[PDB]
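Text of query16.pdb, listed as PDB, C-alpha atoms:
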```pdb
ATOM      1  CA  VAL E1453     -33.289  14.838 -82.102  1.00  0.00           C
ATOM      2  CA  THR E1454     -33.375  16.960 -78.878  1.00  0.00           C
ATOM      3  CA  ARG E1455     -32.171  20.019 -80.878  1.00  0.00           C
ATOM      4  CA  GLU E1456     -34.705  19.397 -83.726  1.00  0.00           C
ATOM      5  CA  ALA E1457     -37.585  19.563 -81.148  1.00  0.00           C
ATOM      6  CA  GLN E1458     -36.155  22.863 -79.760  1.00  0.00           C
ATOM      7  CA  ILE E1459     -36.047  24.227 -83.388  1.00  0.00           C
ATOM      8  CA  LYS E1460     -39.705  23.107 -83.917  1.00  0.00           C
ATOM      9  CA  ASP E1461     -40.617  25.049 -80.677  1.00  0.00           C
ATOM     10  CA  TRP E1462     -38.610  28.110 -81.930  1.00  0.00           C
ATOM     11  CA  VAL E1463     -40.550  28.140 -85.281  1.00  0.00           C
ATOM     12  CA  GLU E1464     -44.022  28.018 -83.532  1.00  0.00           C
ATOM     13  CA  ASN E1465     -42.842  30.898 -81.210  1.00  0.00           C
ATOM     14  CA  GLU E1466     -41.817  33.028 -84.301  1.00  0.00           C
ATOM     15  CA  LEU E1467     -44.978  32.143 -86.373  1.00  0.00           C
ATOM     16  CA  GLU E1468     -47.299  32.911 -83.384  1.00  0.00           C
ATOM     17  CA  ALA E1469     -45.448  36.279 -82.803  1.00  0.00           C
ATOM     18  CA  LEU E1470     -45.627  37.113 -86.579  1.00  0.00           C
ATOM     19  CA  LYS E1471     -49.467  37.067 -86.176  1.00  0.00           C
ATOM     20  CA  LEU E1472     -49.255  39.843 -83.453  1.00  0.00           C
ATOM     21  CA  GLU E1473     -46.764  41.851 -85.648  1.00  0.00           C
ATOM     22  CA  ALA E1474     -49.182  41.541 -88.679  1.00  0.00           C
ATOM     23  CA  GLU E1475     -52.251  42.686 -86.589  1.00  0.00           C
ATOM     24  CA  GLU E1476     -50.792  46.287 -86.376  1.00  0.00           C
ATOM     25  CA  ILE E1477     -49.881  46.286 -90.151  1.00  0.00           C
ATOM     26  CA  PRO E1478     -52.955  47.688 -92.036  1.00  0.00           C
ATOM     27  CA  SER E1479     -54.900  44.999 -94.011  1.00  0.00           C
ATOM     28  CA  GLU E1480     -53.661  46.041 -97.582  1.00  0.00           C
ATOM     29  CA  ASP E1481     -49.828  45.613 -96.890  1.00  0.00           C
ATOM     30  CA  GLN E1482     -50.462  42.568 -94.551  1.00  0.00           C
ATOM     31  CA  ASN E1483     -49.929  39.938 -97.343  1.00  0.00           C
ATOM     32  CA  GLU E1484     -46.563  41.569 -98.433  1.00  0.00           C
ATOM     33  CA  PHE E1485     -45.326  41.761 -94.776  1.00  0.00           C
ATOM     34  CA  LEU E1486     -46.274  38.063 -94.042  1.00  0.00           C
ATOM     35  CA  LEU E1487     -44.569  36.951 -97.317  1.00  0.00           C
ATOM     36  CA  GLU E1488     -41.217  38.738 -96.473  1.00  0.00           C
ATOM     37  CA  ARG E1489     -41.299  37.586 -92.755  1.00  0.00           C
ATOM     38  CA  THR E1490     -42.432  33.939 -93.300  1.00  0.00           C
ATOM     39  CA  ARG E1491     -39.630  33.470 -95.893  1.00  0.00           C
ATOM     40  CA  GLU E1492     -37.152  34.941 -93.282  1.00  0.00           C
ATOM     41  CA  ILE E1493     -38.469  32.450 -90.578  1.00  0.00           C
ATOM     42  CA  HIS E1494     -38.099  29.513 -93.057  1.00  0.00           C
ATOM     43  CA  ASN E1495     -34.422  30.551 -93.740  1.00  0.00           C
ATOM     44  CA  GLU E1496     -33.644  30.872 -89.962  1.00  0.00           C
ATOM     45  CA  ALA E1497     -35.220  27.408 -89.214  1.00  0.00           C
ATOM     46  CA  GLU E1498     -33.250  25.814 -92.116  1.00  0.00           C
ATOM     47  CA  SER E1499     -30.041  27.561 -90.843  1.00  0.00           C
ATOM     48  CA  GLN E1500     -30.601  26.312 -87.247  1.00  0.00           C
TER      49      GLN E1500
ATOM     50  CA  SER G1743     -37.277  33.424-107.248  1.00  0.00           C
ATOM     51  CA  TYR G1744     -37.483  34.673-103.590  1.00  0.00           C
ATOM     52  CA  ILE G1745     -41.165  33.859-102.710  1.00  0.00           C
ATOM     53  CA  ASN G1746     -41.803  30.163-103.674  1.00  0.00           C
ATOM     54  CA  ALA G1747     -45.221  28.344-103.385  1.00  0.00           C
ATOM     55  CA  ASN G1748     -44.490  27.221 -99.739  1.00  0.00           C
ATOM     56  CA  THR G1749     -43.983  30.858 -98.522  1.00  0.00           C
ATOM     57  CA  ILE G1750     -47.336  31.869-100.260  1.00  0.00           C
ATOM     58  CA  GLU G1751     -49.294  28.946 -98.630  1.00  0.00           C
ATOM     59  CA  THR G1752     -47.834  29.589 -95.100  1.00  0.00           C
ATOM     60  CA  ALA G1753     -48.337  33.411 -95.477  1.00  0.00           C
ATOM     61  CA  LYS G1754     -52.029  32.789 -96.430  1.00  0.00           C
ATOM     62  CA  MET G1755     -52.366  30.372 -93.398  1.00  0.00           C
ATOM     63  CA  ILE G1756     -51.061  33.084 -90.930  1.00  0.00           C
ATOM     64  CA  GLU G1757     -53.173  35.847 -92.709  1.00  0.00           C
ATOM     65  CA  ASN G1758     -56.419  33.735 -92.347  1.00  0.00           C
ATOM     66  CA  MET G1759     -55.366  32.754 -88.749  1.00  0.00           C
ATOM     67  CA  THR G1760     -55.137  36.529 -87.747  1.00  0.00           C
ATOM     68  CA  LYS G1761     -57.828  37.899 -85.308  1.00  0.00           C
ATOM     69  CA  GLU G1762     -59.695  40.110 -87.900  1.00  0.00           C
ATOM     70  CA  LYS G1763     -60.123  37.111 -90.348  1.00  0.00           C
ATOM     71  CA  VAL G1764     -61.166  34.454 -87.695  1.00  0.00           C
ATOM     72  CA  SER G1765     -61.657  35.337 -83.948  1.00  0.00           C
ATOM     73  CA  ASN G1766     -63.668  33.570 -81.139  1.00  0.00           C
ATOM     74  CA  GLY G1767     -62.379  29.965 -81.627  1.00  0.00           C
ATOM     75  CA  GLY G1768     -59.657  27.517 -80.457  1.00  0.00           C
ATOM     76  CA  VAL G1769     -56.558  28.204 -82.678  1.00  0.00           C
ATOM     77  CA  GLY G1770     -53.726  25.595 -82.709  1.00  0.00           C
ATOM     78  CA  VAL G1771     -50.491  26.101 -84.762  1.00  0.00           C
ATOM     79  CA  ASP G1772     -47.979  23.178 -85.070  1.00  0.00           C
ATOM     80  CA  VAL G1773     -44.774  22.885 -87.209  1.00  0.00           C
ATOM     81  CA  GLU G1774     -42.769  19.624 -87.640  1.00  0.00           C
ATOM     82  CA  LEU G1775     -39.317  19.368 -89.277  1.00  0.00           C
ATOM     83  CA  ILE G1776     -39.745  16.591 -91.936  1.00  0.00           C
ATOM     84  CA  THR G1777     -36.254  15.141 -91.019  1.00  0.00           C
ATOM     85  CA  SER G1778     -37.688  14.206 -87.509  1.00  0.00           C
ATOM     86  CA  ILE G1779     -40.044  11.464 -89.023  1.00  0.00           C
ATOM     87  CA  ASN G1780     -38.625   7.983 -89.962  1.00  0.00           C
ATOM     88  CA  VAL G1781     -41.214   6.410 -92.419  1.00  0.00           C
ATOM     89  CA  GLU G1782     -39.330   3.011 -92.185  1.00  0.00           C
ATOM     90  CA  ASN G1783     -40.272   3.099 -88.401  1.00  0.00           C
ATOM     91  CA  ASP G1784     -43.639   1.227 -88.999  1.00  0.00           C
ATOM     92  CA  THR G1785     -44.265   1.031 -85.148  1.00  0.00           C
ATOM     93  CA  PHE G1786     -44.669   4.897 -84.893  1.00  0.00           C
ATOM     94  CA  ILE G1787     -46.569   5.278 -88.257  1.00  0.00           C
ATOM     95  CA  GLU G1788     -49.083   2.400 -87.545  1.00  0.00           C
ATOM     96  CA  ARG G1789     -49.462   3.629 -83.864  1.00  0.00           C
ATOM     97  CA  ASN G1790     -50.398   7.315 -84.749  1.00  0.00           C
ATOM     98  CA  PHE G1791     -51.730   7.162 -88.412  1.00  0.00           C
ATOM     99  CA  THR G1792     -54.930   5.562 -89.882  1.00  0.00           C
ATOM    100  CA  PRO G1793     -54.473   3.122 -92.857  1.00  0.00           C
ATOM    101  CA  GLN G1794     -56.073   5.649 -95.366  1.00  0.00           C
ATOM    102  CA  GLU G1795     -53.638   8.477 -94.252  1.00  0.00           C
ATOM    103  CA  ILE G1796     -50.662   6.015 -94.761  1.00  0.00           C
ATOM    104  CA  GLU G1797     -52.147   5.015 -98.203  1.00  0.00           C
ATOM    105  CA  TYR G1798     -52.484   8.741 -99.250  1.00  0.00           C
ATOM    106  CA  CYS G1799     -49.011   9.818 -97.844  1.00  0.00           C
ATOM    107  CA  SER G1800     -47.141   6.807 -99.449  1.00  0.00           C
ATOM    108  CA  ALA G1801     -48.661   7.687-102.925  1.00  0.00           C
ATOM    109  CA  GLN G1802     -47.253  11.316-102.819  1.00  0.00           C
ATOM    110  CA  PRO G1803     -43.835  12.290-104.367  1.00  0.00           C
ATOM    111  CA  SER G1804     -42.150  13.059-100.944  1.00  0.00           C
ATOM    112  CA  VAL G1805     -43.694  10.514 -98.472  1.00  0.00           C
ATOM    113  CA  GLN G1806     -41.721  12.136 -95.565  1.00  0.00           C
ATOM    114  CA  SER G1807     -43.044  15.689 -96.376  1.00  0.00           C
ATOM    115  CA  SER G1808     -46.713  14.459 -96.548  1.00  0.00           C
ATOM    116  CA  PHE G1809     -46.339  12.327 -93.318  1.00  0.00           C
ATOM    117  CA  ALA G1810     -44.997  15.466 -91.498  1.00  0.00           C
ATOM    118  CA  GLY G1811     -47.919  17.499 -92.994  1.00  0.00           C
ATOM    119  CA  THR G1812     -50.560  15.083 -91.590  1.00  0.00           C
ATOM    120  CA  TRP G1813     -48.615  14.795 -88.250  1.00  0.00           C
ATOM    121  CA  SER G1814     -48.483  18.639 -87.871  1.00  0.00           C
ATOM    122  CA  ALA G1815     -52.246  18.662 -88.822  1.00  0.00           C
ATOM    123  CA  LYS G1816     -53.083  16.164 -85.982  1.00  0.00           C
ATOM    124  CA  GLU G1817     -50.945  18.127 -83.405  1.00  0.00           C
ATOM    125  CA  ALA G1818     -52.569  21.448 -84.583  1.00  0.00           C
ATOM    126  CA  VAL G1819     -56.155  20.015 -84.227  1.00  0.00           C
ATOM    127  CA  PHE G1820     -55.193  18.563 -80.747  1.00  0.00           C
ATOM    128  CA  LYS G1821     -53.911  22.068 -79.629  1.00  0.00           C
ATOM    129  CA  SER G1822     -57.194  23.715 -80.932  1.00  0.00           C
ATOM    130  CA  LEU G1823     -59.242  21.235 -78.752  1.00  0.00           C
ATOM    131  CA  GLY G1824     -56.726  21.855 -75.867  1.00  0.00           C
ATOM    132  CA  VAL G1825     -57.491  18.576 -73.930  1.00  0.00           C
ATOM    133  CA  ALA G1833     -53.059   8.720 -79.221  1.00  0.00           C
ATOM    134  CA  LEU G1834     -53.314  11.153 -82.231  1.00  0.00           C
ATOM    135  CA  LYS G1835     -54.745   8.353 -84.554  1.00  0.00           C
ATOM    136  CA  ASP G1836     -58.221   9.219 -83.098  1.00  0.00           C
ATOM    137  CA  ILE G1837     -57.905  12.590 -85.002  1.00  0.00           C
ATOM    138  CA  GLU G1838     -58.152  11.706 -88.761  1.00  0.00           C
ATOM    139  CA  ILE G1839     -57.215  14.017 -91.737  1.00  0.00           C
ATOM    140  CA  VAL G1840     -58.835  13.144 -95.156  1.00  0.00           C
ATOM    141  CA  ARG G1841     -56.687  14.923 -97.841  1.00  0.00           C
ATOM    142  CA  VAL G1842     -57.721  15.011-101.565  1.00  0.00           C
ATOM    143  CA  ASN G1843     -55.036  16.518-103.928  1.00  0.00           C
ATOM    144  CA  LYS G1844     -55.587  20.298-104.674  1.00  0.00           C
ATOM    145  CA  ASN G1845     -58.533  20.247-102.146  1.00  0.00           C
ATOM    146  CA  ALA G1846     -58.789  21.468 -98.474  1.00  0.00           C
ATOM    147  CA  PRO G1847     -58.205  18.591 -95.973  1.00  0.00           C
ATOM    148  CA  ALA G1848     -61.113  17.877 -93.505  1.00  0.00           C
ATOM    149  CA  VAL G1849     -60.738  16.816 -89.788  1.00  0.00           C
ATOM    150  CA  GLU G1850     -62.869  13.955 -88.240  1.00  0.00           C
ATOM    151  CA  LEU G1851     -62.716  12.998 -84.488  1.00  0.00           C
ATOM    152  CA  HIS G1852     -63.653   9.280 -83.880  1.00  0.00           C
ATOM    153  CA  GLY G1853     -63.085   7.998 -80.257  1.00  0.00           C
ATOM    154  CA  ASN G1854     -61.762  10.063 -77.247  1.00  0.00           C
ATOM    155  CA  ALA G1855     -61.258  13.300 -79.345  1.00  0.00           C
ATOM    156  CA  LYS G1856     -64.970  13.284 -80.505  1.00  0.00           C
ATOM    157  CA  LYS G1857     -66.146  12.923 -76.829  1.00  0.00           C
ATOM    158  CA  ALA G1858     -63.509  15.481 -75.536  1.00  0.00           C
ATOM    159  CA  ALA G1859     -64.830  17.868 -78.312  1.00  0.00           C
ATOM    160  CA  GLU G1860     -68.473  17.235 -77.083  1.00  0.00           C
ATOM    161  CA  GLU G1861     -67.596  18.293 -73.434  1.00  0.00           C
ATOM    162  CA  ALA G1862     -65.653  21.337 -74.883  1.00  0.00           C
ATOM    163  CA  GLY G1863     -68.724  22.223 -77.104  1.00  0.00           C
ATOM    164  CA  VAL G1864     -66.526  22.123 -80.295  1.00  0.00           C
ATOM    165  CA  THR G1865     -69.000  22.157 -83.290  1.00  0.00           C
ATOM    166  CA  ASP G1866     -66.467  22.160 -86.234  1.00  0.00           C
ATOM    167  CA  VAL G1867     -62.600  21.836 -86.701  1.00  0.00           C
ATOM    168  CA  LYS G1868     -60.842  23.046 -89.950  1.00  0.00           C
ATOM    169  CA  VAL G1869     -57.063  22.850 -90.765  1.00  0.00           C
ATOM    170  CA  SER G1870     -54.696  24.345 -93.424  1.00  0.00           C
ATOM    171  CA  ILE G1871     -51.348  22.494 -94.159  1.00  0.00           C
ATOM    172  CA  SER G1872     -48.117  23.604 -95.991  1.00  0.00           C
ATOM    173  CA  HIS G1873     -45.111  21.224 -96.338  1.00  0.00           C
ATOM    174  CA  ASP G1874     -41.773  21.350 -98.270  1.00  0.00           C
ATOM    175  CA  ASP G1875     -38.184  19.896 -98.006  1.00  0.00           C
ATOM    176  CA  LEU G1876     -37.679  21.469 -94.482  1.00  0.00           C
ATOM    177  CA  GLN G1877     -40.850  22.024 -92.390  1.00  0.00           C
ATOM    178  CA  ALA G1878     -44.572  21.095 -92.397  1.00  0.00           C
ATOM    179  CA  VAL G1879     -46.757  23.904 -90.860  1.00  0.00           C
ATOM    180  CA  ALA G1880     -50.430  23.284 -89.854  1.00  0.00           C
ATOM    181  CA  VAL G1881     -53.028  25.772 -88.415  1.00  0.00           C
ATOM    182  CA  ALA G1882     -56.285  24.314 -86.916  1.00  0.00           C
ATOM    183  CA  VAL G1883     -59.318  26.599 -86.141  1.00  0.00           C
ATOM    184  CA  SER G1884     -62.150  25.078 -83.962  1.00  0.00           C
ATOM    185  CA  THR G1885     -65.642  26.786 -84.078  1.00  0.00           C
ATOM    186  CA  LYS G1886     -67.999  26.288 -81.029  1.00  0.00           C
TER     187      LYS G1886
END
```
Rewrite the coordinates I just gave you, this time as structure tokens.
Amino acid sequence: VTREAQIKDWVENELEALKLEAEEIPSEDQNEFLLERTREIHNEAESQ
Amino acid sequence: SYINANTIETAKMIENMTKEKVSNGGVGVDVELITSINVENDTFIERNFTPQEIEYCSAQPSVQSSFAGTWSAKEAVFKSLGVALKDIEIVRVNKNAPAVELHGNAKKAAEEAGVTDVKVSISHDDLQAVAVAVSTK
């Protein structure tokens, strides 16, 4: 339960940082970037 | 195969949350692992959830996914206000955008903060419920 809270924190901290990454990506390729990088964050949460 | 419905919903939520889409407003993001919510624990559910949220969530195919959705939605809205989560209430119609309504302390704490409106997007699956709340002044 302690570790599942720390994983919840870790997912917010990756999803908030994936906004700042996607800001610099120009607004036509932004969807494709967010799709590839959200899917990666889901995997890494599930793994943890 | 690789990009399922959940990835598309959560991508869209982050895309709409970006500065160029919506800027100048309280933005709260909250994620909850669905495995961290015991639905048999009626003391937690009745403490933090309204009877119409419990009625809606219990009717869904995965009760635990939809409880985590609504929970993440409350915690997202609370972070957007930035000030008892049952006060915050999420009406959710199927294939329709859920609306946020502040009743007691949250409504008054939104009035001092000059918060006019509060919207929320929610994605949930077998792992994680993600919620993004945007508050217009």
>> Taking the file as I've supplied it (selection: the PyMOL selection byres ((chain G) within 6 of (chain E))), which residues are included? Please answer as number ranges by chain.
In response: G: 1749, 1753, 1760, 1774
Pull C-alpha atoms from the residues just selected and write them as a short mmCIF file (atom, residue, chain, number, x, y, z; two decimals), keeping the file's coordinate frame.
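Result file part_0.cif:
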```cif
data_model
loop_
_atom_site.label_atom_id
_atom_site.label_comp_id
_atom_site.auth_asym_id
_atom_site.auth_seq_id
_atom_site.Cartn_x
_atom_site.Cartn_y
_atom_site.Cartn_z
CA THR G 1749 -43.98 30.86 -98.52
CA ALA G 1753 -48.34 33.41 -95.48
CA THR G 1760 -55.14 36.53 -87.75
CA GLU G 1774 -42.77 19.62 -87.64
#
```
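The space separating CA of residue 1838 (chain G) from CA of residue 1775 (chain G) comes to 20.3 Å.
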The PyMOL selection byres ((chain G and resi 1885) around 12) - which residues does that actually catch in the file I just gave you? List them as a compact mmCIF listing (two decimals) with C-alpha atoms, in the frame of the given file.
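Heads up, here's the output in expr_13.txt:
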```txt
# COMPACT_ATOMS: atom_id res chain seq x y z
CA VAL G 1764 -61.17 34.45 -87.70
CA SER G 1765 -61.66 35.34 -83.95
CA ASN G 1766 -63.67 33.57 -81.14
CA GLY G 1767 -62.38 29.96 -81.63
CA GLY G 1768 -59.66 27.52 -80.46
CA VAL G 1769 -56.56 28.20 -82.68
CA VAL G 1819 -56.16 20.02 -84.23
CA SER G 1822 -57.19 23.72 -80.93
CA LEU G 1823 -59.24 21.24 -78.75
CA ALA G 1859 -64.83 17.87 -78.31
CA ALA G 1862 -65.65 21.34 -74.88
CA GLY G 1863 -68.72 22.22 -77.10
CA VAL G 1864 -66.53 22.12 -80.30
CA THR G 1865 -69.00 22.16 -83.29
CA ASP G 1866 -66.47 22.16 -86.23
CA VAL G 1867 -62.60 21.84 -86.70
CA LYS G 1868 -60.84 23.05 -89.95
CA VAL G 1869 -57.06 22.85 -90.76
CA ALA G 1882 -56.28 24.31 -86.92
CA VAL G 1883 -59.32 26.60 -86.14
CA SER G 1884 -62.15 25.08 -83.96
CA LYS G 1886 -68.00 26.29 -81.03
```
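Taking all atoms listed in the file into account, residue 1773 (chain G) lies nearest to G:1811 out of the set G:1793, G:1811, G:1847, G:1853.
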> Once the PyMOL selection byres ((chain G and resi 1878) around 7) has been applied to the shown file, what residues remain in the selection, as an MDAnalysis selection string?
Replying inline: chainID G and resid 1773:1776 1807 1810:1811 1814 1872:1874 1877 1879:1880
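Computed from the coordinates, the CA of residue 1799 (chain G) to CA of residue 1759 (chain G) distance equals 25.5 Å.
Among G:1836, G:1762, G:1780, G:1748, the residue with the shortest atom-to-atom distance to residue 1478 (chain E), counting all atoms listed in the file, is G:1762.
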>> What's the separation between CA of residue 1777 (chain G) and CA of residue 1875 (chain G), in Å to one decimal place?
In response: 8.7 Å
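For the set G:1813, G:1778, G:1797, G:1881, the residue with the smallest atom-to-atom gap to residue 1458 (chain E) is G:1778, counting all atoms listed in the file.
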>> Measuring between only C-alpha atoms, which one of G:1854, G:1845, G:1804, G:1870 shows the shortest distance to residue 1825 (chain G)?
In response: G:1854
